[PDB]
$ cat coords.cif   # mmCIF, C-alpha atoms
data_my_file
#
loop_
_atom_site.label_atom_id
_atom_site.label_comp_id
_atom_site.auth_asym_id
_atom_site.auth_seq_id
_atom_site.Cartn_x
_atom_site.Cartn_y
_atom_site.Cartn_z
CA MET A 1 -0.05 3.81 -23.32
CA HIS A 2 1.74 6.90 -24.82
CA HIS A 3 2.89 9.60 -22.30
CA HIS A 4 5.69 12.23 -21.83
CA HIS A 5 6.17 12.23 -17.99
CA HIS A 6 4.40 11.20 -14.72
CA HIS A 7 4.67 14.37 -12.50
CA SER A 8 7.07 17.35 -11.87
CA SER A 9 8.20 16.74 -8.22
CA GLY A 10 10.78 14.81 -6.06
CA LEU A 11 11.39 15.39 -2.29
CA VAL A 12 11.64 11.98 -0.46
CA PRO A 13 15.20 10.58 0.19
CA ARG A 14 15.42 6.96 1.58
CA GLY A 15 18.04 4.16 2.05
CA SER A 16 16.76 2.48 -1.22
CA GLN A 17 19.59 4.27 -3.18
CA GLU A 18 20.07 1.31 -5.64
CA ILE A 19 16.35 1.69 -6.66
CA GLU A 20 16.58 5.55 -6.72
CA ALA A 21 19.40 4.98 -9.30
CA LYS A 22 16.84 3.45 -11.80
CA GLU A 23 14.35 6.32 -11.24
CA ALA A 24 17.16 8.95 -11.65
CA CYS A 25 18.00 8.05 -15.30
CA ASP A 26 14.32 7.52 -16.29
CA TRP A 27 13.18 10.84 -14.66
CA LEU A 28 15.93 12.80 -16.56
CA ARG A 29 14.54 11.37 -19.88
CA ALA A 30 10.85 11.96 -18.91
CA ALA A 31 11.55 15.59 -17.77
CA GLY A 32 12.86 16.39 -21.34
CA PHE A 33 16.67 16.09 -20.69
CA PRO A 34 17.69 12.51 -21.84
CA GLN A 35 21.24 13.77 -22.72
CA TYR A 36 22.11 13.90 -18.97
CA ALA A 37 20.70 10.34 -18.35
CA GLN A 38 22.63 8.76 -21.30
CA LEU A 39 25.94 10.25 -19.96
CA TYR A 40 25.72 7.92 -16.84
CA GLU A 41 27.28 4.78 -18.47
CA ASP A 42 29.70 7.11 -20.40
CA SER A 43 31.01 8.22 -16.89
CA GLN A 44 30.09 11.90 -17.69
CA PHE A 45 27.55 12.72 -14.87
CA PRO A 46 30.02 14.88 -12.73
CA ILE A 47 30.32 17.91 -15.13
CA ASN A 48 29.80 20.84 -12.66
CA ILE A 49 26.09 20.20 -11.70
CA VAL A 50 25.73 23.65 -9.98
CA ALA A 51 27.12 25.41 -13.12
CA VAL A 52 25.04 23.55 -15.82
CA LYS A 53 21.75 23.86 -13.80
CA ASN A 54 22.35 27.68 -13.40
CA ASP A 55 22.47 28.37 -17.24
CA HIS A 56 18.83 29.75 -16.85
CA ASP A 57 17.56 26.91 -19.13
CA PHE A 58 13.92 27.17 -17.82
CA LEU A 59 12.02 29.93 -15.90
CA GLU A 60 10.86 27.62 -13.03
CA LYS A 61 13.46 26.84 -10.26
CA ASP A 62 11.30 23.95 -8.86
CA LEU A 63 12.63 21.76 -11.78
CA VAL A 64 16.26 22.50 -10.61
CA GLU A 65 15.88 20.45 -7.34
CA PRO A 66 15.30 17.00 -9.04
CA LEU A 67 17.86 18.00 -11.78
CA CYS A 68 20.35 18.33 -8.84
CA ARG A 69 19.15 15.28 -6.74
CA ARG A 70 18.94 12.71 -9.63
CA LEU A 71 22.46 13.79 -10.75
CA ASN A 72 23.77 13.59 -7.11
CA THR A 73 22.41 10.05 -6.29
CA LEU A 74 24.39 8.51 -9.23
CA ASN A 75 27.48 10.78 -8.63
CA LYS A 76 28.38 8.65 -5.51
CA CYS A 77 28.42 5.45 -7.66
CA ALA A 78 30.13 7.13 -10.70
CA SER A 79 33.10 8.45 -8.53
CA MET A 80 34.82 9.96 -11.66
CA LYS A 81 37.91 12.09 -10.61
#

$ encode --input "coords.cif" --output "structure tokens"
Amino acid sequence: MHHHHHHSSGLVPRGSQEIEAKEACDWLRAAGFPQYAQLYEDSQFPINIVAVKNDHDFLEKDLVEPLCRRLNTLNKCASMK
């Protein structure tokens, strides 16, 4: 029943982009960064992804790929400025 996350990976893009949108928000929360997920419906996803991910927040760079990809997949739909 109780858990924190599933796994720490994400390298399989497909045409199912409307289903990837669900997994994007939920993965951000699971990975320990729910602030980013909640900012989707507030129209605050596009806030310099490459800058905020480069603040050296964790030691491992493998976590920075899905932090980029899950932001990017919703960015298309958000279209803010």

$ closest_residue --input "coords.cif" --among "A:25, A:50, A:31, A:73" --to "residue 9 of chain A" --atoms "all atoms listed in the file"
A:31

$ atom_distance --input "coords.cif" --atom1 "atom CA of residue 42 of chain A" --atom2 "atom CA of residue 77 of chain A"
12.9 Å

$ residues_around --input "coords.cif" --residues "residue 17 of chain A" --least-positions-apart "3" --cutoff "12 Å" --atoms "only C-alpha atoms" --output "list in words"
residues 12, 13, 14, 20, 21, 22, 23, 24, 69, 70, 72, 73, 74, 75, 76 and 77 of chain A

$ closest_residue --input "coords.cif" --among "A:19, A:49, A:11, A:37" --to "residue 68 of chain A" --atoms "only C-alpha atoms"
A:49

$ atom_distance --input "coords.cif" --atom1 "atom CA of residue 55 of chain A" --atom2 "atom CA of residue 36 of chain A"
14.6 Å

$ atom_distance --input "coords.cif" --atom1 "atom CA of residue 8 of chain A" --atom2 "atom CA of residue 62 of chain A"
8.4 Å

$ closest_residue --input "coords.cif" --among "A:59, A:54, A:48, A:1" --to "residue 71 of chain A" --atoms "only C-alpha atoms"
A:48

$ resolve_selection --input "coords.cif" --expression "the PyMOL selection byres ((chain A and resi 6) around 9)" --output "PyMOL selection string"
chain A and resi 3-5+7-8+27+30-31

$ resolve_selection --input "coords.cif" --expression "the PyMOL selection byres ((chain A and resi 43) around 10)" --output "list in words"
residues 38, 39, 40, 41, 42, 44, 45, 46, 47, 75, 77, 78, 79 and 80 of chain A

$ axis_aligned_box --input "coords.cif" --around "segment 58-62 of chain A" --padding-each-side "5 Å" --output "lines of an AutoDock Vina configuration file"
center_x = 12.4
center_y = 26.9
center_z = -13.3
size_x = 13.1
size_y = 16.0
size_z = 19.0

$ closest_residue --input "coords.cif" --among "A:33, A:52, A:28, A:58" --to "residue 10 of chain A" --atoms "all atoms listed in the file"
A:28
